[PDB]
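The sequence lines fix the lettering, A, B, ..., with proteins before strands; numbering per chain opens at 1. Both ligands and their constituent atoms are indexed starting at 1 by order of listing. No hydrogens, no waters, no symmetry mates; every other heavy atom, side chains included, goes into these values.
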There are 4 protein chains.
Amino acid sequence: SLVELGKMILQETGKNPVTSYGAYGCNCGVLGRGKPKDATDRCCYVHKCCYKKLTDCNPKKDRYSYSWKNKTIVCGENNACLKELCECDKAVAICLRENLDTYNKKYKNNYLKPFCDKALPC
Amino acid sequence: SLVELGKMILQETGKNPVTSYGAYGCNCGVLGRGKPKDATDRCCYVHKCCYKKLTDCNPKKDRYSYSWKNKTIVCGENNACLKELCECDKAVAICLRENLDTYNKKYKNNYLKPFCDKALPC
Amino acid sequence: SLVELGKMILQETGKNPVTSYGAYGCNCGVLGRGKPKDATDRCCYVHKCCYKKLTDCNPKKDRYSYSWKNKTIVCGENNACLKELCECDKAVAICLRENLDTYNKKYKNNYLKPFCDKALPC
Amino acid sequence: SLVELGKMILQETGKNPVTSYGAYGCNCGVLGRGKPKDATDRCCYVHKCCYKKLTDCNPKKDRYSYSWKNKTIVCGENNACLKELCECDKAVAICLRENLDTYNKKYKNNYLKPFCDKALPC
Ligand SMILES: CCc1c(C(=O)C(N)=O)c2c(OCC(=O)O)cccc2n1Cc1ccccc1
Ligand SMILES: CCc1c(C(=O)C(N)=O)c2c(OCC(=O)O)cccc2n1Cc1ccccc1
Ligand SMILES: CCc1c(C(=O)C(N)=O)c2c(OCC(=O)O)cccc2n1Cc1ccccc1
Ligand SMILES: CCc1c(C(=O)C(N)=O)c2c(OCC(=O)O)cccc2n1Cc1ccccc1
C-alpha cells in the first residue's frame, strides 16, 4: 500500500514522500500518467506502468511485508501479486534516490500540472 | 545529541533505537560502561569510550548536522567536539547494523536484567 | 553566486576580483563572450561557456557551499547544477591564477571593447 | 610585523588569526612561552623560539615584504633579520594549517589564564 511505498522512499532517499514527491512533475504523487518532465518524473511513470499490470490485488491499499537488511529493501516472500507489488515500490524508491541529483524544485506542488502532455502507452 | 544518534541508528539498522537498543546488554542505552555481553553490546562499549574523550561539548544534548547521501551517513563540518561527536554516532550506527546477525533479545534489559561486570578502561 | 566566485578568485590569485577582473579583455566581468585577447581573457571565456551549460540553476545568483581545505577550494556536496556551478567557479579562479604572469593592465577597464571579435563557439 | 603574520595565517589556514589563535593554549597569541598543550600550541611555541633569535630587528613591529604566489608564501629578499623574521612567520602559518586536524577550541583561554608549565629552554 501507500504505507509501505512511503517507508521505502524515506528509507532509500531520506526524503518525506509527501513533501518531496507528493506532486512532482507529471507523474509523481498524482493520478494518471503524463510525459515525464525529468528523470525523477520518469521513475514515477514507470512505477505507474508497474502498477497497472497488477490485477488480483489492489496496489494502493493492500498491505504487504518487507524488511530493511544491509541497507537494502527485501520484499518478503508473498502472494504473486503482493510480491510483484512490493517489487514495484522497491524499484521506484531506488529510482528516486538515484535521481536526487537532478531533482528540480520548480517541478513540485503541481506547477507542471497544466502543462502535462498525454502519455505514451506503457 | 540523542536526537541525531537515534535517526542514524534508524537509517542504518532499520530499527527503532529505543525498542531495539534502549537497554541492551551492559552498554547499549544504559548509563556507564560494563564488560560487553556480545558484539552488539561491544558497539555501544566503543561508542561510550568515543563520548568519553569529548570534553568541549555535551554529547547527549548538543546538536549537530549530518546528511543521508547514497544510503551513507555524511557528517556535517563543525568544530572539533561536534564533528567528532557526529563521528562517534556514525560508527555506532554502522557497528550495530553490522552486528544485527547476532542481535539477541535475551540481552534486552526487559527480557533479562544482566549482571554487568566492571568495565576495563578505554 | 558572484559572492562565492569573488571569494574564490581572492583566495587563489590574491587579487580583488572587481578591481582586477571587473572588466578585463573581451570576456572577464563584461557581458557576452568574445575572441580572447590573452590567456587571462580565455579563462573567462571558458567560464562563460561553463555557465552556458547550466540551465537548472541560476549561476549568477544561486548560493552554494565550499570550503578552504589544504589550501584547496573544495566544493560542498549539492545537486548536479550547484556542484557544476561551484566547479565552474573553482576552475576560473584557478585558471586566472595560472595566467597572472601575462596579466596586462592595458586590457583592464574595458578598453578593448571596440577591439573585441566574435568568439569561436563553445 | 603582526600585520604580515596575520595575513599569512588567514591565507594558509583560512582562519581569522584573532578568533582562532588569539589566545590558544599556553603559547598562541599570548605573551611568553609555556609547555605546549597540543600540536597547534607547539607551532606557536616554536614560532616564539624563532623570534628569540631575531635581535637585530623587532619581530612584532617591523614590516617586511612577501607575496602570495601559487598559493605559497614567498618571502621577499631583505637583510638577515627581516628575511629570517618573514620565514619565522611563514613557518608558523604552515604549521598551524598542518595541525588543523587536531585544533580544538577547548584550549582557547577565553580570558581565563590556563595552567601553563615552564617551557623547555630555547
Ligand atoms: C512518488 C511517490 C508517490 C507515488 C509514486 O510512486 C508514483 N507517482 O508512481 C504515488 C502514487 O503512485 C501510484 C499510482 O499512481 O497509482 C499514488 C499516490 C501517491 C504517490 N506518491 C506519494 C506518496 C506515496 C506514499 C506515501 C506518501 C506519499
Ligand atoms: C544504542 C543506542 C543508545 C546509546 C548508545 O549508542 C550507547 N549505549 O553507546 C545511548 C547512550 O549512550 C551514550 C552515553 O552513554 O553517553 C545514552 C543514552 C541512550 C542511548 N541509546 C538509546 C537511544 C539513542 C538515541 C535516541 C533514542 C534512544
Ligand atoms: C573575471 C571575474 C568575473 C567574471 C568571470 O569569471 C567571467 N567573465 O567569466 C564575471 C562574470 O562572468 C559570469 C557571466 O558572464 O555570466 C559575470 C559578472 C562579473 C564577473 N566577474 C567579476 C567579479 C566576479 C565576482 C565578484 C566580483 C567581481
Ligand atoms: C597564533 C597567532 C599569533 C601569534 C603566534 O604565531 C605565536 N603565539 O607564536 C602571536 C604572537 O607571537 C609572537 C610573539 O609572542 O612574540 C604574538 C602576538 C599575537 C600572536 N598571534 C595572534 C595574531 C597574530 C597576528 C595577527 C593577529 C593575531
field: Distance from atom 25 (C) of ligand 4 to nearest protein heavy atom, with residue and atom
entry: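 Looking at atom 25 (C) of ligand 4, the protein heavy atom closest to it is D:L2 O, 3.3 Å.
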- prompt: Where the side chain of C:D41 meets the backbone of C:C26, is there a donor-acceptor pair that is under 3.5 Å apart?
  reply: yes
message: Taking C:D38's backbone N and O only, do any of them form a donor-acceptor pair with C:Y107's side chain (distance below 3.5 Å, no angle check)?
response: no
query: Should C:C44 be counted as touching ligand 3, given the test is an N or O pair under 3.5 Å?
result: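 Yes.
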- prompt: More than 12 heavy atoms of other residues, nucleotides or ligands under 6.0 Å from NZ of D:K52: is that the case?
  reply: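 For D:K52, atom NZ is not crowded (no more than 12 foreign heavy atoms under 6.0 Å).
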message: So for atom CZ, which belongs to C:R42, do other residues, nucleotides or ligands contribute more than 12 heavy atoms lying within a distance under 6.0 Å?
response: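 Not buried by this count: 12 neighbours or fewer within 6.0 Å.
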Option whose closest heavy atom lies nearest to [atom], chosen from [options]:
atom	options	value
atom 23 (C) of ligand 3	C:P17, C:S1, C:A23	C:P17
atom 16 (O) of ligand 3	C:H47, C:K48, C:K60	C:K60
atom 19 (C) of ligand 3	C:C50, C:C43, C:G29	C:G29

- prompt: N/O of D:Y51 under 3.5 Å from N/O of ligand 4, yes or no?
  reply: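 Checking ligand 4 against D:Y51, no N or O pair falls under 3.5 Å apart.
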query: For the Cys pair D:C28 and D:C44, is the SG-SG distance shorter than 2.5 Å?
result: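 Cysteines D:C28 and D:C44 qualify as a disulfide pair, their SG atoms being under 2.5 Å apart.
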Per-atom contacts of ligand 3 with [X], taking only distances under 4.0 Å to non-hydrogen atoms:
X	answer
C:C28	1 (C), 8 (N)
C:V18	27 (C), 28 (C)
C:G6	25 (C), 26 (C)

message: Under 6.0 Å between ring centres: does that hold for A:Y21 and A:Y103?
response: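 So the answer is yes for these two rings.
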Which atoms of ligand 1 are found less than 4.0 Å from any heavy atom of [X]?
X	value
A:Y21	1 (C), 2 (C), 22 (C)
A:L5	4 (C), 6 (O), 24 (C)
A:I9	2 (C)

- prompt: At under 4.0 Å between heavy atoms, which part of C:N27 makes contact with ligand 3: side chain, backbone, both or neither?
  reply: backbone
- request: From the options A:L2, A:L82, A:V3, select the one residue that forms a side chain to side chain contact (heavy atoms under 4.5 Å, CB included) with A:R63.
  value: A:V3
task: Determine whether the side chains of D:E84 and D:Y51 contain a donor N or O and an acceptor N or O closer than 3.5 Å.
output: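 No.
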- request: Please determine if D:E77 and D:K83 form a salt bridge, counting it only when a charged side-chain N lies under 4.0 Å from a carboxylate O.
  value: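 No, no charged N to carboxylate O under 4.0 Å.
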